[PDB]
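> Need coordinates for the following:
(4 chains, ligands or ions: 5)
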Protein chains: 4
Amino acid sequence: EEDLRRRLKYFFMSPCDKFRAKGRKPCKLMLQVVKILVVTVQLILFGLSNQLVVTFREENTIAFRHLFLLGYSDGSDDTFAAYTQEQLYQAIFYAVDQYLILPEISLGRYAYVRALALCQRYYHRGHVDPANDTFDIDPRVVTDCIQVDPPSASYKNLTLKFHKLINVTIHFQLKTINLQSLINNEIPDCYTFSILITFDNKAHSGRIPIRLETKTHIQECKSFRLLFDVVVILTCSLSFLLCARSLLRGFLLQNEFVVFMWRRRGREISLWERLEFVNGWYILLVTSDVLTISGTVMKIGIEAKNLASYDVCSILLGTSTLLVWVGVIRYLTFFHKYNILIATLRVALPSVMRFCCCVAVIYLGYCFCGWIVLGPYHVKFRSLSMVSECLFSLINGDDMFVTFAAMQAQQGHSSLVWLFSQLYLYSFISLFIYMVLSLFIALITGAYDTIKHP
Amino acid sequence: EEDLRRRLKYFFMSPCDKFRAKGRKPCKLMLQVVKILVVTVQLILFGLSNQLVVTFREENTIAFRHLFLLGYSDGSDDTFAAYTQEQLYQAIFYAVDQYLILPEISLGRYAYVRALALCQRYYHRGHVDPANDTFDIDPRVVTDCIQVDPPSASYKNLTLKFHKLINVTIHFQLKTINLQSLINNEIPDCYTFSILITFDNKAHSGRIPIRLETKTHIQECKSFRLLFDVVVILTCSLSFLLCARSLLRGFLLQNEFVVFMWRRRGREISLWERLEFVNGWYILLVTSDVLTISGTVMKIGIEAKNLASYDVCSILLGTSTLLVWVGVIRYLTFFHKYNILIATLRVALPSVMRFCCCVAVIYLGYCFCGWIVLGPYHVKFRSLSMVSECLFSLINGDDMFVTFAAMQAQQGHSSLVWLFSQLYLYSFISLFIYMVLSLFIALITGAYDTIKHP
Amino acid sequence: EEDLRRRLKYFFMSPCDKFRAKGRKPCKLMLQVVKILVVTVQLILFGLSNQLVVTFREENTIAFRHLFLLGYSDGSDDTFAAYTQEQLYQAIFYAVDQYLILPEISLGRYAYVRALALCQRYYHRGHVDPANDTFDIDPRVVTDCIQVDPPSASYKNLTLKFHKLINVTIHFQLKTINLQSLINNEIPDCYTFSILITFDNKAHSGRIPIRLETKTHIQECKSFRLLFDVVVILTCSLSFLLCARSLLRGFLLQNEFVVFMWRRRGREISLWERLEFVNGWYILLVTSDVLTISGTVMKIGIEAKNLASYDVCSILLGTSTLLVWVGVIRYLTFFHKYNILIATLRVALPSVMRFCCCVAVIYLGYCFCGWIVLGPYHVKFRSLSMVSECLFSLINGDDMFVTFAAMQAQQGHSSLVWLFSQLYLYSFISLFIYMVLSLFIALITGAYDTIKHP
Amino acid sequence: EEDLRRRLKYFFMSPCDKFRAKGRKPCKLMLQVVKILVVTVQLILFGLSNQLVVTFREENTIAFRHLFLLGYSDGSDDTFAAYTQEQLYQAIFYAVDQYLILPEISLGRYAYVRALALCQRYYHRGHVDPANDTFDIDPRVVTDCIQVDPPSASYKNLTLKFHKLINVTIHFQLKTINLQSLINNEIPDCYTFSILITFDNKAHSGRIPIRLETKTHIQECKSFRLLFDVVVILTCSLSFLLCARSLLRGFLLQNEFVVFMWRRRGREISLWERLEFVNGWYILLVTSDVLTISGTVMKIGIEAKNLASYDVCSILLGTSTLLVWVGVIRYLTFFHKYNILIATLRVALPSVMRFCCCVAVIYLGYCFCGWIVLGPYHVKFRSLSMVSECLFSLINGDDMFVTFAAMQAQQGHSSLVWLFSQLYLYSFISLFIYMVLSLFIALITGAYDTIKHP
Ligand SMILES: *[C@@H]1O[C@H](CO)[C@@H](O[C@@H]2O[C@H](CO)[C@@H](O)[C@H](O)[C@H]2NC(C)=O)[C@H](O)[C@H]1NC(C)=O
Ligand SMILES: *[C@@H]1O[C@H](CO)[C@@H](O[C@@H]2O[C@H](CO)[C@@H](O)[C@H](O)[C@H]2NC(C)=O)[C@H](O)[C@H]1NC(C)=O
Ligand SMILES: *[C@@H]1O[C@H](CO)[C@@H](O[C@@H]2O[C@H](CO)[C@@H](O)[C@H](O)[C@H]2NC(C)=O)[C@H](O)[C@H]1NC(C)=O
Ligand SMILES: *[C@@H]1O[C@H](CO)[C@@H](O[C@@H]2O[C@H](CO)[C@@H](O)[C@H](O)[C@H]2NC(C)=O)[C@H](O)[C@H]1NC(C)=O
Ligand code: NA
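Numbering: from 1, shown residues only, chains lettered A, B, ... in the order given. Ligands and ions are numbered 1, 2, ... in the order given. Right below this line is the structure:
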């Protein structure tokens, strides 16, 4: 078949060779430049909206913490607590008293929403007695709510139950108007902050942490976006059909190649020669194509009705734009100078992934060994996730002297954990910097030397 | 002997070759997968207990420091001291006054244990007189204890002896009940905190540091563990007998090989050919086997009676689990692609250990040179351990600009230590990053090239 | 042409060969040593002036912040704000009251300049009402200035408009005399500080930041420089004519080489053989020559009349001195041992720049992916510039554990961004340290091996 | 000459070959093991004395800062200053009032030494007038001392001259007794602290920094060392004569080799063959030998009379011990496996030192370019030393994100320095990590490959 050879001349032909031979063929290549530009501009333009929204969220939450938390200096979100009995009464009474006089205090136009509800939660049959070691506990949790309305004995005389206490929560809402939007020449977005001050007594340890949490329900008051957002799906869908048409030809031209080796007696050639016939780049491009058109329909559903679930939308558009940019490495491999550079990973990957298991095992071994031993006597090694972040930080070198000095300052309780800590940390750091990183260098150099000489 | 050749065909045979030839042989290999799973699950399940115990320890100790230490802001454990005469009286009197009214203050159910005992320790014949330089010192240390019982002149009128003073210690106990255990659906663990507030006057320098230390005596109040903890020793002992049986065959089949070369006149072959006959992996597996069965019997002795010595138990189980995971590199070397990767250290180790001595000497030389010279004029170089941690941190690069700026900010006392500090630090950092790390890279690359071509 | 061959013997001849053959030829080489010394001494002598000027600027600005800002502890320039209504009145009234009694307070000789003007700016028709969601806004900004003269009702009774407020600015000037100049034995420089205290209400979020800014107008009161500053331009201009004369010979001797290959039928030789004939070092030297003579005329215009625009002057002299020092690598390549070392980049540059695009794309991909996703739930990833600085810091390893712990401490809002953060950060750090840095090492080693064997 | 060949057989013979041939020759080698042990034990034993001395110095200096400085919280040595007029009067009056009542306040036995002298220094003819710009200055500095004797108008009514003020210094002495020495079972060391509180008004900027400095005059009150300190000089002198005897033989056996090539007509062989005949290790050993015997005589002169100049003594003993440890690399090169490892630097050094100049030039170029440009607008780049420490810290990677964020937070004054800062820092970091470190790796690998194959 002299035509099918001429097809395979044209199937493996680069478009540069095809342009200098045929001409008038940008029909595939113009899309994959437009699609890069259209997706990334859509990403940046959407990414500048969340700067204004999140900074107007964060500044209002800080301005709530100075108004409703007693004695709050900044940079102390974690080590802020109430320890005696009177500090908890003062922290509650200050919050409600700073709520009731809010227009004569604050600096924004914080209106009210019809309001405040105080509630404590205590065990039903609580009986704790360390002198006699007697317990008789019903674990049913009963609440005791107090209603407070804004414009003392309706609110005061609130006696807590410190011998059985779980949470004391304060819940109220505030409504305000973004005034920056008129400077940005648009229709405003009236927000609704939902504040939940939490006094936690979960561990029953006499250390009650205090924290404040907000939540916004964005809504309009009493088109460069939507025209562009149908362009980003029209381009991407047109590429989704045009690329799938090419893989459809790839499967069918593969299929009449499998036909010949039953007539030429090619002994039913296995997975190797048929992997050298289907492009792999269109796989990455089509799995970019699904994610962009999913995320933009999601974004239409965001701005229309539900201004909350930015999570799935952002995690799809960012991963789509990540996969589209790597699809420009497609263009570079048509040159005979880049073609050495891109072919350095196709031979190393079935060896460097073989070595990555041998590193991941030993790394996981030092994770389990370090976490149980240096769990109690150290602060960087509490949970297994935090051990994994600490040991992976120490490899490139982030925080060595802090991990050493935190061990030396207390020396554990006895000298056996300190003498173990010296051998543990020195052997682990000396292993992965010298003998393991070096092995990785040797593998990539040998894989490059395999590509260079032929 | 045609049978002994057929034994050596079967002795060096991989189990993959043995399964594809014989079949029905998982009898060795099923243990070393079960033993990985059983040990590590036992480790994680024991490792989650100490999270609840240690966090209930640490939160109660912080809640003691806010209640009994005068003017304690957090993050100031080391630079907390008493300097004048009245600050020490106020720091003692505040601690006892905050002890006597403890139920009307604290937030836990801290009961008392029959109580408080104040005691100061002073030299018998103390005579310090810098005007006349006269000393007449009996170094016998006499205590002066005060008994305080909880429900002023029994406690007040406590005049210290500031011209001869060693320690002022306050000792008392508190008993409480963990209430988190009922949420975790079990029998509680009544703790007993033992508090020792220490006012140290050891160096006699007018800087008395203040610190608080606790100690717990865990005891029950007035079975997924123990069934699993006999599985972890039954599996490991069965592997301890089954592996030792294999090394017993290895020594005996070695022994009748030594017999032949006295009849074949093999001239009493030395240590090389007989090292190529005994496996080394069973050595690591059997020294895992001793440590697991020692640590779990230790853990039974922990939870039954003595809830204190977690040190030896944790340092054995963690090291055992460390050696079991590295024993999965055993499995990878049966493939002819991993067999290049694992053979990169067998030839480098009698050369990279030859180079590790040449690095450890020069490193130790900069330790002794830096510690005496930059001892006084610098804060990172106090003890020799702290010099070793600082110089080893600077190699990968942790804290360079802090070590430079601490030198520049004072410039020592004169410019000779600063001009020495610049030459010391620049020559040391430039030595081990460029010329020494590079040598390590060259050694591993040459060792890989020795394995690759044959 | 036997003479033109003898010219090309002399044109490519090194001056070391030319000195050992001819002698009495330093006429080119003495300039390029003098020009290094003259430029760098001019740089250091100018660079020591700005130490005295800027430290006398910074110390006076700190001394203004302690005098005019209410409750200012150092290291808190960013988290200094006013949150309630009364804190803003106290922060304004404290600043003007500390202005009027300034000679009986301060420690310098701060005189007055005829003075203080307070001004607030508010919207004309401001109507914000979150209860009814009604707005009727004229965005014209009207000021309301108050005049205050130094030696209460002229200044007091200043009622702000908190429901429509943009800026409250305080502007005044202070004149002082540098007394360090008499110790430095010269004519003094009377400064004029121009202070602008700013109360910003741009975002309308109830968080008003406070900051103080100064500006100096240096002027003399009521010659080693200028003699040296004409030497630095006389030397550099003489090199500017002497080097351009050599490139003029280079173009003309190239031109009569292009003539021959039309008579010898050399087929109009392209860009390669004619690039091996023009020196590239004189290009760097002449673009040093333009920048030095531009910056020093600029510096004359600075010290004569306009003591403000140090920006263009410094950015030209520093870049000129940067290009002059690299012009000493010119001297080293005449030796046959350095000639291997300098020839390691001429062959790698059309391959390592080919690889730098393949790294810059993937790096830019992780920038766009990380910024939108971890924008809201993280503080290091606010703007795209700050993402680029954070991801480039993590490659060599700067701040890994802070970026991990800031993610773990809040876990976002839900676990999907945390589970995305672990995969994002681990894949990105493992990519550029192991597989990409290693590729760079392999390229430079192969480029050196290309130069070494021939 | 068959004997001189037999000498050269014995001259280049290793002692291992000489022991297995001759025997009873430890006469050279026993010294160089004893000398390592004797010097380092002398170093450690002297190095443990300065821990007790310097910590008794530092704790007393901190205890002075809490007693004599008004409002001193720790960690604030640099940002502690007095800004108004009344803060300087209160800082002086608090220091003298806390001096006069010192036994009823402090916790040590601080006696007095006959005492306190207050003194201020002001210009004689001071005339500063920014309204009229008139100056008439006599730079002669006149002091005004006040005498204060310990057991108000003798001390009060101290009117400063704020319009001409240089320093206000307070000087007094305190004597105490180290009581730790009786616990260490010895004769005590009565110290004499010399305190100099300094109020600096050098820059005349209205920011007066405050700092306290002490100085000790150690003296005894009203032998494992000295026996060992003559051993360390007896051993080292005996090696100083025994090694110089060997180099004396080396010069003389070289001399009768130069004789032969005038009779054999060897054409007066140059520096190469005569460098392959003199050992280089005895040069390092003899320059260790001078420094040890100098430093220990210095140490005798320290402990006898002058307990001050620890500078020259420590900087000689530390450098001597540095050179003695590297002299154990001498021993390793006798083995034919280490002999490849030690020979990796003899061929690289006349090439890696050729490359170190090409790096030091470009590094110095970025130092001069960065210091003038980013001098004013940045805090890490003030002096040229601090630029060199900052740029050298950024290469291995220490403090990248702090240097980037300090630039971004202010953006200079205008955007031109910020746009210059991005290009400066990115080009410099990308240059030395990728292209320059990689070049270093290639040089050491090629130098190892030159040694490996022959
Ligand atoms: C305070 O404690 C109560 C429990 O006593 C919490 O109520 C639980 O809330 C979670 C939702 O996060 C539910 O799944 C549980 O079923 C609730 N338990 C009960 C008994 O209601 C309450 O959420 C806590 N407060 C805060 C702010 O977390
Ligand atoms: C306070 O100082 C006394 C000594 O004056 C300490 O008592 C010593 O304690 C250790 C145990 O750690 C014993 O080995 C010594 O023999 C004890 N000496 C005497 C004289 O009793 C006491 O422990 C110190 N206080 C604290 C809390 O450490
Ligand atoms: C306070 O806000 C006003 C605007 O209400 C600022 O005035 C603007 O200043 C910039 C110059 O930086 C001009 O380009 C604008 O046209 C000005 N707008 C108006 C309405 O005048 C003022 O600069 C702000 N104060 C400070 C200190 O920045
Ligand atoms: C306070 O300032 C005076 C100068 O007014 C300093 O006196 C100088 O001290 C140095 C020694 O360090 C001498 O070289 C100078 O000659 C002295 N000058 C005069 C005029 O006496 C004094 O040292 C400063 N105080 C401190 C603590 O440094
Ligand atoms: Na750091």
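
> For chain B, what's its nearest residue on the stretch 251-400 of chain A.
residue A:397 (3.3 Å; C-beta to the nearest C-beta). (C-beta placed from N, C-alpha, C; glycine too.)

> ok, so what distance separates that residue from chain D?
7 Å (C-beta to the nearest C-beta, to the nearest Å).

> dump the residue contacts of the nearest residue in space to that residue that is not next to it in sequence.
Sequence neighbours aside, residue B:396 is the residue nearest to residue A:397 in space, at 3.3 Å (criterion: C-beta to C-beta, 6 or more residues apart in numbering or on different chains). By C-beta atoms under 8 Å, 6 or more residues apart in numbering or on different chains, residue B:396 lies in contact with A:396, A:397, A:400, A:429, A:433, C:397, D:396.

> Check the residues you listed and tell me the two furthest apart.
A:429 and D:396 (14.7 Å; C-beta to C-beta).

> helices or strands next to the lengthiest helix in chain A in the packing?
Of all the segments of type helix in chain A, defined by DSSP state H, the longest one is helix A:224-263. Applying 3 or more C-beta pairs under 8 Å, 6 or more residues apart in numbering or on different chains; DSSP states H and E, we find helix A:224-263 packed against helix A:2-11, helix A:31-47, helix A:281-304.

> Please identify which of those is closest to residue D:345.
So among the helices and strands packed on helix A:224-263, helix A:281-304 is nearest, using C-beta to C-beta, at 47.9 Å.

> That closest one vs chain C: in contact?
No. On the criterion C-beta under 8 Å from any C-beta of the partner chain, helix A:281-304 is out of touch with chain C, staying 10.4 Å away.

> So which residues make contact with that helix?
Looking at helix A:281-304 with C-beta under 8 Å, 6+ apart, the contacting residues turn out to be A:32, A:39, A:42, A:46, A:225-226, A:229, A:232-233, A:236-237, A:239-240, A:243-244, A:246-247, A:309-310, A:312-313, A:316-317, A:319-320, A:323-324, A:326-327, A:330.

> Narrow those to just the buried residues.
Burial by neighbour count, judged by 16 or more other C-beta atoms under 10 Å in any protein chain shown, picks out A:32, A:39, A:42, A:46, A:229, A:232-233, A:236, A:239-240, A:243, A:310, A:313, A:316-317, A:319-320, A:323-324, A:326-327 from those.

> Can you give me the domain boundaries for chain A?
Domains of chain A are assigned by automatic domain parsing as A:2-45+A:224-334, A:50-220, A:349-452.

> Okay, and the residue positioned nearest the centre of chain A sits in which element?
Closest residue to the average C-alpha location of chain A: residue A:315 at 7.6 Å, with C-alpha atoms, centre = their mean. Residue A:315 is located in helix A:310-326, with elements delineated by DSSP states H and E.

> Downstream of that helix, the next helix or strand is which one?
Next element after helix A:310-326 (DSSP H and E): helix A:329-332.

> Flag every buried residue along that following helix.
Those would be A:329, A:332, for helix A:329-332 by 16+ other C-beta under 10 Å.

> quick revisit: most packed of the domains of chain A?
Most buried of the domains of chain A, by mean neighbour count (mean count of other C-beta atoms under 10 Å in any protein chain shown): domain A:349-452, with a mean of 19.

> In a markdown table: the domains of chain A, plus distance to residue C:98.
What follows is the domains of chain A, written out as a markdown table (distance: least, C-beta to C-beta, whole Å):
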| stretch | distance to residue C:98 |
| --- | --- |
| domain A:2-45+A:224-334 | 46 |
| domain A:50-220 | 23 |
| domain A:349-452 | 42 |
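
> and residue D:212, which of those domains is closest to it?
Per C-beta to C-beta, nearest to residue D:212 of those: domain A:349-452, 26.8 Å.

> so how far is the first residue of the closest one from its last?
17 Å (C-alpha to C-alpha, to the nearest Å).

> Please apply the same query to stretch A:149-162.
Stretch A:149-162: ends 26 Å apart by C-alpha to C-alpha.

> contacts for it?
If you take C-beta under 8 Å, 6+ apart as the criterion, stretch A:149-162 is touched by A:85, A:88-89, A:92, A:96, A:99-100, A:102, A:112, A:115-116, A:118, A:120, A:122, A:126, A:146, A:148, A:168, B:107.

> change it to 10 Å
A:85, A:88-89, A:92-93, A:96-97, A:99-103, A:112, A:114-118, A:120-123, A:126, A:144, A:146-148, A:168, A:172, A:199, A:201, A:206, A:208, B:103, B:106-109 (C-beta atoms under 10 Å, 6 or more residues apart in numbering or on different chains).

> tell me which parts of chain A are close to ligand 1?
Residues of chain A lying near ligand 1 by C-beta under 6 Å from any ligand atom: A:121, A:141, A:166, A:167, A:169, A:196, A:198.

> Take those residues and write them to a markdown table, including secondary structure and distance to ligand 4.
Compiled in a markdown table, the residues of chain A next to ligand 1 are given as follows (DSSP: H, G, I helix; E, B strand; the rest coil; distance: C-beta to the nearest ligand atom, whole Å):
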| residue | secondary structure | distance to ligand 4 |
| --- | --- | --- |
| A:121 | strand | 64 |
| A:141 | strand | 68 |
| A:166 | coil | 62 |
| A:167 | strand | 60 |
| A:169 | strand | 60 |
| A:196 | strand | 58 |
| A:198 | strand | 55 |
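
> Residue of chain A closest to ligand 2, please.
Nearest residue of chain A to ligand 2 (C-beta to the nearest ligand atom) works out as residue A:414 at 12.6 Å.

> List the residues that contact the closest residue to that residue other than its chain neighbours.
Distances taken as C-beta to C-beta, 6+ apart put residue B:311 closest to residue A:414, at 6.5 Å, once the chain neighbours are dropped. By C-beta under 10 Å, 6+ apart, residue B:311 lies in contact with A:373, A:376, A:377, A:412, A:413, A:414, A:416, A:417, A:420.

> Check the gap between residue A:204 and residue A:418 for me.
The gap separating residue A:204 from residue A:418 is 33 Å, by C-beta to C-beta, to the nearest Å.

> Equivalent analysis for residue A:67, please.
Counting by C-beta to C-beta, the gap from residue A:67 to residue A:418 is 47 Å.

> Mind listing the residues bridging to whatever residue of the stretch 101-250 of chain A ends up closest to ligand 1?
Closest residue of the stretch 101-250 of chain A to ligand 1, C-beta to the nearest ligand atom: residue A:167 (2.9 Å). With DSSP bridges applied, residue A:167 shows beta-bridge pairing to residue A:121, residue A:200.

> and residue A:411, what is it in contact with?
Residue A:411 neighbours (C-beta under 10 Å, 6+ apart): A:377, A:417, A:418, A:419, A:421.

> I figured the third one hits residue A:406, correct?
Right, the one you point to is residue A:418. No. In terms of C-beta atoms under 10 Å, residue A:418 does not count as a neighbour of residue A:406; the distance is 11.4 Å.

> Could you pull out the residues contacting both of the two?
By C-beta under 10 Å, 6+ apart, the residues touching both residue A:418 and residue A:406 are residue A:377.

> on that earlier part again, these two touch, right, the residue of the stretch 251-400 of chain A closest to chain B and residue A:403?
No. The criterion here is C-beta under 10 Å, and residue A:397 misses it with residue A:403 at 11.2 Å.

> Name the residues contacting each of these two.
B:393, B:398.
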